[PDB]
Amino acid sequence: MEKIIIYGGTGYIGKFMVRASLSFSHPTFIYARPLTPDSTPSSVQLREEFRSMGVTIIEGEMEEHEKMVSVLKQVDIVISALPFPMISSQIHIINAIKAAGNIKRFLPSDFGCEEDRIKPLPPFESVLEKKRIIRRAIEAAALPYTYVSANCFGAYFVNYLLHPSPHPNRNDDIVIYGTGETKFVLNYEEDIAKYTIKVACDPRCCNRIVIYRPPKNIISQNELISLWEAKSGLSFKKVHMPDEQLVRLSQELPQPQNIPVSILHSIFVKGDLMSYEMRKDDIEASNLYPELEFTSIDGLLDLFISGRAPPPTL
Ligand SMILES: NC(=O)c1ccc[n+]([C@@H]2O[C@H](COP(=O)([O-])OP(=O)(O)OC[C@H]3O[C@@H](n4cnc5c(N)ncnc54)[C@H](OP(=O)(O)O)[C@@H]3O)[C@@H](O)[C@H]2O)c1
């Protein structure tokens, strides 16, 4: 099987990718920054867990070109799950990949919306521009790539939008962004990870934009809430944050506090995750692997009720 190295492997979505890679029998590696006295105990725990699972951990800084090239010459696929503050640093990955010359595929840290076909409010557009610059650098180096639009991380957004708790109360306030009829897609993290590993090894997805849009996971905030209320057995106080308020906040709030509201405006008001139809060269992943299936929204919510869903995260 193809050998896979993951940057940001100890991250929120990164850890799912590492486990999926191993589960699909791929020799797995991660390039990680050296630990420090302030390293969160969580980051320390994950590295120990990964090592015990057979993951090869290469410790180093992004600026260590020779170290990165040496490792990349030993693998076939590179997947980056680095966070926004580290997006620009991916240029070092691109340079090490080109120097190595043996890499079959590079998946930059996209995993969101399809940045090349949307234009959100200034605060969000600014961060998206960093990801676009990485894409332009990939194209300039002529590297084999796959740009993944994973759409909404399932557990991440259910926690954010519904904040499930042991004992819900009528007054545990539910916020609806915009009017709530805008369609978006919610995909469970474990599935996003599994499909990403398959996609990275699939020749059909080389040098292509791949979108995770399983038909059963397309939903509006109002539909999601109705489903959640039916399952939770109670009616929540629902409040709206209309388009105008989100726009106003994106302009009046300081940075980076103005980014969250800008992202919510893009996803739930402009509907940038469903305001476009699949293109010719565009690939929808749920149609690719008969052996795989995206967990339905109903299934994702049951995961939360059963108390087996990922915990809240920043
Ligand atoms: N579609 C969606 O709903 C959605 C939601 C959230 C995120 N995303 C996207 O998914 C991607 C990853 O997001 P995420 O939330 O998973 O990221 P995250 O959890 O914040 O990633 C942090 C990870 O990178 C490392 N790291 C952090 N700061 C670093 C630094 N200064 N130098 C070196 N390594 C550093 C960490 O290693 P340590 O263990 O050493 O700390 C950790 O592995 C991004 O492209 C993001 O935009 C999409």
Side-chain angles (χ1 to χ4, degrees), residues 1-33 46-47 50 53-112 115 130-150 192-210 212 283 285:
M1 294 300 274
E2 299 96 312
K3 298 187 179 62
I4 302 176
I5 188 168
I6 301 166
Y7 284 76
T10 51
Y12 180 75
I13 197 68
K15 61 176 188 297
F16 288 103
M17 276 162 202
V18 170
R19 304 181 194 297
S21 178
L22 288 170
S23 296
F24 287 159
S25 301
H26 292 281
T28 307
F29 297 72
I30 67 162
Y31 191 83
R33 62 174 164 185
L46 275 173
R47 288 170 167 67
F50 288 168
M53 295 183 271
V55 176
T56 298
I57 303 178
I58 302 302
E59 300 181 296
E61 305 301 324
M62 297 297 279
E63 295 74 15
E64 295 186 291
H65 182 67
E66 294 312 308
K67 174 185 287 182
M68 304 233 298
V69 173
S70 182
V71 182
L72 296 179
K73 285 183 175 296
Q74 298 170 52
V75 304
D76 307 292
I77 299 176
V78 177
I79 296 175
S80 172
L82 292 168
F84 264 108
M86 289 298 286
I87 294 306
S88 71
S89 75
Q90 291 179 110
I91 185 69
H92 298 301
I93 298 177
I94 291 171
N95 296 329
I97 286 179
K98 194 172 184 179
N102 57 289
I103 300 301
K104 305 181 176 300
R105 196 84 60 79
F106 173 45
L107 276 64
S109 193
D110 274 355
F111 302 110
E115 23 145 300
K130 296 185 178 187
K131 290 187 173 177
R132 299 203 190 86
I133 292 176
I134 293 299
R135 288 193 181 186
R136 301 298 88 77
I138 288 172
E139 276 140 39
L143 305 184
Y145 69 77
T146 295
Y147 302 145
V148 175
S149 290
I192 289 175
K194 293 177 185 175
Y195 275 84
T196 297
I197 301 303
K198 296 295 294 183
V199 163
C201 305
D202 193 345
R204 293 177 298 182
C205 299
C206 193
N207 299 315
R208 302 222 220 183
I209 284 173
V210 178
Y212 295 174
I283 295 175

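Residue numbers run from 1 in the order of the sequence given.
- In terms of the ring-ring contact (aromatic ring centres under 6.0 Å, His included) criterion, residue partners of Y7 (sequence neighbours excluded) are, by chain and number, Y31.
- Residues that satisfy the side chain to side chain donor-acceptor pair (under 3.5 Å) test with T196, not counting sequence neighbours, are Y212.
- Minimum interatomic distance between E115 and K131 (heavy atoms only, all atoms of both residues): OE2-CB, 3.1 Å.
- Applying the side chain to side chain contact (heavy atoms under 4.5 Å, CB included) criterion to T146, with sequence neighbours excluded, gives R105, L107, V148, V199, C205, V210.
- Listed by first and then second residue, the side-chain hydrogen bond (donor to acceptor under 3.5 Å, both in side chains) pairs that reach into residues 67-77 are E64-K67, sequence neighbours excluded.
- Here the closest non-hydrogen pair linking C201 and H26 is SG-CE1, 3.4 Å.
- Contact record, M17 with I197: O-CD1, 3.8 Å, taken as the closest heavy-atom pair.
- Evaluation of the salt bridge (charged side-chain N to carboxylate O under 4.0 Å, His left out) test over residues 4-29, restricted to residues two or more places apart or in two chains, returns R19-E49.
- Atom-to-atom distance recorded for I94:CD1 and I138:CD1 is 4.5 Å, nearest 0.5 angstrom.
- For residues 81-104, no residue pair satisfies the salt bridge (charged side-chain N to carboxylate O under 4.0 Å, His left out) rule, not counting sequence neighbours.
- Taking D202 as the reference, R204 meet the salt bridge (charged side-chain N to carboxylate O under 4.0 Å, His left out) condition, with sequence neighbours excluded.
- Scored by the side chain to side chain contact (heavy atoms under 4.5 Å, CB included) test, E139 finds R135, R136, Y145, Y147 as partners (sequence neighbours excluded).
- Here the CG atom belonging to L143 is positioned 5.5 Å from the CD1 atom belonging to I97, to the nearest 0.5 angstrom.
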Indicate every side-chain donor-acceptor pair of residues 80-92 with a distance under 3.5 Å to a residue at least two apart or in another chain.
| from | atom 1 | to | atom 2 | distance (Å) |
| --- | --- | --- | --- | --- |
| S80 | OG | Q90 | OE1 | 2.7 |
| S89 | OG | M86 | O | 2.6 |
| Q90 | OE1 | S109 | N | 2.9 |
| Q90 | NE2 | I87 | O | 3.1 |

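- Taking SG from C206 and CD1 from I283, the interatomic distance works out to 10.0 Å, rounded to the nearest 0.5 Å.
- Residues meeting the salt bridge (charged side-chain N to carboxylate O under 4.0 Å, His left out) test with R208, sequence neighbours left out: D281.
- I57 meets the side chain to side chain contact (heavy atoms under 4.5 Å, CB included) test with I30, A32, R47, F50, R51, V55, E59; sequence neighbours excluded.
- Atoms OG and NZ, on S21 and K194 in that order, are 13.5 Å from each other to the nearest 0.5 Å.
- Listed by chain and residue number, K3, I5, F29, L72, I103 satisfy the side chain to side chain contact (heavy atoms under 4.5 Å, CB included) test with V75 (two or more places apart in sequence, or in another chain).
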